[PDB]
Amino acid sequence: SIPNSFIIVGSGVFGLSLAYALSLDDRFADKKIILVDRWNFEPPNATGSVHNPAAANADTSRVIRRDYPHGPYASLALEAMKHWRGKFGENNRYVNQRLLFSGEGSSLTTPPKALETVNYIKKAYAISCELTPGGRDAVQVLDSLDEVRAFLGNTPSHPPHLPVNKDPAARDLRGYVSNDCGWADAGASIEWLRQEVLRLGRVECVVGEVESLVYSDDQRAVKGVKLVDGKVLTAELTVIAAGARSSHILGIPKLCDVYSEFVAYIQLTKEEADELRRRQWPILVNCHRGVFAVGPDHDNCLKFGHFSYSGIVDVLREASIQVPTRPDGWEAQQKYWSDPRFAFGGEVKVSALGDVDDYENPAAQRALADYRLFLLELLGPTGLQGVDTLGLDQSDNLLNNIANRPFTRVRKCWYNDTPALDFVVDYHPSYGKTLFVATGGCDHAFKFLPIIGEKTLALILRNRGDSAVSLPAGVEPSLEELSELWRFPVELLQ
C-alpha cells in the first residue's frame, strides 16, 4: 500500500526530518526519495553542510521548553527532549539553561484576575507544578520585579522613600523558574542532521526551486513538481514542506498567515559572558513586554526575540483581552509572492545612523523598542523608574553597560501561522493520496526536529486507507489523535 516514489519540497524542519525518518525505515531502502531545496547545503570546497540562512530555522539558538499546556504538544516535546539530550544534542548542539517565566499582574499564587498578563504564567506555573518532581514545593517563584532583578545580581528599582506594597493584588512582575529547559543551535543542528541523511545514502538531494505543482490531464492526481529551471520531477507522492512558501506553492492564500519578525543580538565580551554564566544566567521570558532573551550563546551574544503576532493573541486572551485579526494577513500574502524577498529571512542591513535598512523597516520599530524596554527594566540602573529612585551608590555596572549597548546585529525571520496554531500534516483531499502537506510550523516547530519526521511518516501511511500503522506501544498522542490535530483544513477548499 505504501508509496513507491517521493518528492520532498523543503529541506527544513518538516522536510529534512521526514527524509531522516524514511532513511531509517528499511521498508524504503529500495524506494526512490527526492529532497529538493532552493539552497545548496553542500556547496563546493566546503567542509560538511551549511544551513540555509534564509530559512526559519536559521538561528544560532532556538528555545526548547515543554511545560506547554496539557495535550498532544505536551507529550510530543518531552519525547523530543530525549533526543536533544542524546545524539541530537551532542557536540554542544543542545544547551541546558534555567528559564525565568514572567508577566504583569497580581501575585503568582493568587488566582487569575481579568486584564493581567500574568495569567499566561499562572497557567504555565500551575501546570509546571504538576510535571515537576516534588510539585509546587520544588518550583522557585519570584513575586516582584525587584526579586527578578535581585535574581540576576542587580539592584532594586523601587524608590526608597515609597514603601513596599504588601498587598498581593497590586500590579508587579511575577515569575517562576523552570530548570528543565534549554536552547539548541538550530543551524548546527540542521547541518548535522543533513550530514546524517547524506551518510545513510537513502535520499537523493537536489538543488532547485519549485515553481508549480504538476497534475495529470484529469487533474485527479499530482504527478510531481516543475522547477524554475525547467526540470520536472515525478513521483507517486509529493510532499510540500516549504515553510512560509507553502501557501504559495500550493496556491492557497488562506492556508497560512505569513509575516516577518526582527531579532536582535548584543555582543558580550568574554569576561561579561563568563560573569553571567557564573551567575547561572537564565533564559528570560517576559510575556508582558512580548520579549524573551537567550544566552549568552556560543558566540557570547544575548539574543532578543519577540512573541509572534499569534503568540501575543494567546497572552492577551488569557487576560480576557480580544485583539483584532492581523492587518495585511492571510490571503493578502498573495501580492507578495512575486517578490523573491517575501518569506526570505537572514541578516538585515544597518544604515549610517544605525537604523534598520530594510524594506520592512516599520515592522521592526515595535520589536526594537520592546527589546530596549525589556533590557532597561531588568538590567538598567533604575528599572523604568525616574529620579525619585535614588541609589547611585548602588549599581551593577556590567549589567548597566549591557542595557545601554546598541544592538550589534539584526536578523529577519518569517512565521507560518495557522488558525488554531496546529500544524498541517495531512493529504490534500482533492488529489486522492498523491499530494501531502507538512507545514504550518507557526513559531514553535523547531524543537520537534528529532521526532516530527517520524510522526509525519506514520500520517502518510495511515490516511491512505491502511489502519495497520498505529504508533508503538503506548506513546501519546495517539496516531489517530495526531491525524485529527493536523487534519488538512478543508474549509479553504469549498
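When you see a residue number, it is the position in the sequence shown, counting from 1.
Chemist: When the Cα temperature factors in the entry are averaged, is it 230 to 238 or 244 to 252 that ends up higher?
Modeler: The stretch with the larger mean CA B-factor is 230 to 238.
Chemist: Mind pulling up the entry and telling me whether 27 to 35 or 53 to 61 has the higher mean Cα temperature factor?
Modeler: Averaging CA B-factors over each stretch, the winner is 27 to 35.
Chemist: Can you tell me which of 364, 78, 343, 287 has the maximum CA B-factor listed in the PDB entry?
Modeler: It is 78.
Chemist: Can you tell me which of 304, 337, 176, 215 has the maximum CA B-factor listed in the PDB entry?
Modeler: Of the candidates given, the C-alpha B-factor peaks at 215.
Chemist: Where does residue 73 sit by CA temperature factor within its chain: lowest, middle or highest third?
Modeler: Highest third - that is where residue 73 ends up once the chain's C-alpha B-factors are sorted.
Chemist: Going by the entry, which third of its chain does the Cα temperature factor of residue 104 land in?
Modeler: Middle third by C-alpha B-factor.
Chemist: Divide the modelled residues of the chain into thirds by Cα B-factor and specify which third, lowest, middle or highest, holds residue 472.
Modeler: Highest third - that is where residue 472 ends up once the chain's C-alpha B-factors are sorted.
Chemist: C-alpha B factor of residue 450, ranked within the chain: lowest, middle or highest third?
Modeler: It belongs to the middle third of the chain when residues are ordered by C-alpha B-factor.
Chemist: Classify residue 418 as lowest, middle or highest third according to the C-alpha B-factor given in the PDB entry, relative to its own chain.
Modeler: CA B-factor rank for residue 418: middle third.
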